[PDB]
Structure formats: C-alpha cells, structure tokens
C-alpha cells in the first residue's frame, strides 16, 4: 500500500510568489503601515534647540504654571520674559518691556509677537506698525533659517557729525522716543531764512556681540514720510532725504524724495517707515535733511553656521483684544518657516491671555524624546517609513513618504502550503 501526505488547496487559497518558492494561503496581512501624524510643535533633538517667547513660556511669571502653555522642563529651554517680543526689543518703545533675547539652537521655536499688536496702541508716528511687524519678522525668520544662534544687539556704535543736533522727542511717542532708531534734530532749521546743514552719521554692525559671532544683522533703515514737498517744507528746506550707504558709497536704503515720488496719506501728517534689511557687519553712512536725522541703534545678530527650518507659533490675544496675523504672514512668505496655528480662540487659565488648553496640546511635543520628523503638517515618530497623506514642507528629519495603502505588499498568514516546481 502507498501511503502519502497529500497537500491540497481551495478556491479560497491564493498563490503568493517568492524568489525560491511560492506559498498558498487563504489570508494575507499587510507587511507594514502608516505612521500617525500629530499636529503642533516638536523637536528631533532635545539637546540642540531653543525657544524665544513671552509670559506664556516664562517660568518666572507670578502665575506659573497656570500662565504657561508649556510645562516646566520645556519652559527651561525658552528665553522668555513676560510682556516681551522680538519686535519690542528691536525698537524699544517707551515704557515697554525690553528683553535681551539671545541663544543658540539648531531647531528654533519663535512663540512671541503678541505683545506688540494693534492692542498696544504704540503711535510714535508709525505709518503702519502691523506692516512694519510683518517686514521685521520676515527678516528675522530669513536670517534665523541659516543661523545657529541669535542675539539682540542692544546698542550699536554710532556717531553723528552735527555738534548742535539734539535728541528728538514727540507727544505721539509718550513725549520721548524709541531706543532704535535714534532721532537727532537741530532746533534752528526754519524755512524765514535759517536752513542749516546736511546731517551725517555712521553706525557700525559688529562682527560679534559677547560670545555670539555675527555674520548677518537685521536692522531697520527708517525714513520719515511727508505729504508733499510743500507739507515737507513746513519743516525743511528743499527736498526731504534720509539716505543709507555702505562703506564704499552704495545706496542701500532710506527715502530720497529728490528722485522718488512722495507716498504719504492725505492730512495724516508725518509718518515714519522702518523697513528691515539684512546687512553684513561693517560701518555704514547716513546723509539726511538738516532738521531731522534717523540713526539705527539696534540689531539682531545672526551667524551663517546653519540651522534647521524654524517653527513660528501663532502669537495672538484672546478675543477681547486687538490682534494681528503679521507673524503668520511673515512665516508663510519665508522659506524654511513652519507655522503653528490654533483652530479655536485663545482662552487662558491664568487670565484671559495666558494658559490655553489647545496651545498646550499643540506645544506638548516640545516635549518628547522620540520625534524624528517635524513638518508643516505636524511631527512623527520613527514607526514606519510611510504616511497616509503627504507631510507638507517645510520639513526636516527622518520624514515619512506618502504611498497608497494598496501599494503596500502583503504576507501570507493562517493555514499555509508551500509550492515549487510546475507540479505538472
């Protein structure tokens, strides 16, 4: 008698091919899968990142931790002071808090800005501070993108030529003036007969500041905006001008009406505009209309040793106050910037404006020891190489790829029977 083990399959079995042997099975299981994506901020390296912020990340606030959007351990990684903002420290308006932001970190989190919003009501002849705000943070984010560190430079070496010029003040600016730019004026120019002499100045952007190397500086090269040569001649003789030159003499900024058309709004009166520019370290010249001279007195110092795309966190008030979205728009138009945004209003635990449940959820990733990828879609762990939907850029780290679930191969499971040769 011939006795045999017999191998047989059903219509329920499908054949899976192999390099060196096939397999019949009824069930299959996918070989791998998608990695969850979590919205909000995080870091891939806990020992090389830095945060810059305000009360909402300030562990020294009287109401900590209720006033905080991050736990203690994350707050220790921030450089923050209640009431502060990068922009407030750039200009230093009268009576505002003036924090010296500085630090180093390849990954960077910017979570401030709200402390100079329209709610602040800072005037000082500002044409449109929201516009200035957007321009300013754009330059910061651009420079931060390629820098390892950042520091406020709280005082530039400056020198003016006039010996009669005195420090300028205005009732629109709390009856004084910004820390930067400085405002120098000669009391005598008077378009009667007295017309004074063209004013001159230099300012130096240092090659370093403390322990921080400077390869690049963000500065504002402000100019006044008058209604028209005539309204201007209410104050100065001839045409208004305030020109900025590098050491060789190339014009780099300012407003020279003598070639450029006037662009002021009717009967608004005098306005000041402060575009920000990225300049190399060095000494720079200024030439201006005799009566009024503006001189940059601060900067932010960056290096070019490199960094990762940055994270910028929405910085807005609760509903009752007047906010802006200038840092959002700064971030959107600047390459290498990732923006973190709430979907619900800011409702603080401490008071109205500090300690928000959603923001705490969004910032909790800052947070983790196992984040491998950070993107404009959120952050991921190192589970699999795939995600269900694209991780939107900017992004960095070990970042997953989108593939259709159907393109993920399967493996036989359940009852299994081998097959090889042609069996015929």
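Numbering follows the first chain given and starts at 1.
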Practice item. Going by the record, give me the number of deposited-sequence residues missing between residue 345 and residue 346 as none, 1 to 3, 4 to 9, or 10 or more. Key: none
Practice item. Check the entry's C-alpha temperature factors for 244 to 252 and 316 to 324, then say which stretch has the higher mean. Key: 244 to 252
Point to revise | 209 to 217 or 158 to 166, whichever carries the higher mean Cα B-factor | key: 158 to 166
Study note, to complete from the structure: Top Cα B-factor in this entry, restricted to 304, 353, 115, 172, sits on 172
Check your understanding: Hey, out of 75, 84, 261, 310, whose CA B-factor is highest in the deposited coordinates?
Key -> 261
Review point. Where does residue 96 sit by CA temperature factor within its chain: lowest, middle or highest third?
Key: middle
Check your understanding: Which third of the chain holds residue 22 when residues are ordered by C-alpha B factor: lowest, middle or highest?
Key -> middle
Check your understanding: Once the chain's modelled residues are ordered by C-alpha B factor and cut into thirds, is residue 123 in the lowest, middle or highest one?
Key -> highest
Point to revise | Third assignment of residue 110 from its chain's C-alpha B-factors | key: lowest
Exercise for review: Sort the modelled residues of this chain by their C-alpha B factor and say whether residue 201 lands in the lowest, middle or highest third.
Suggested key: highest
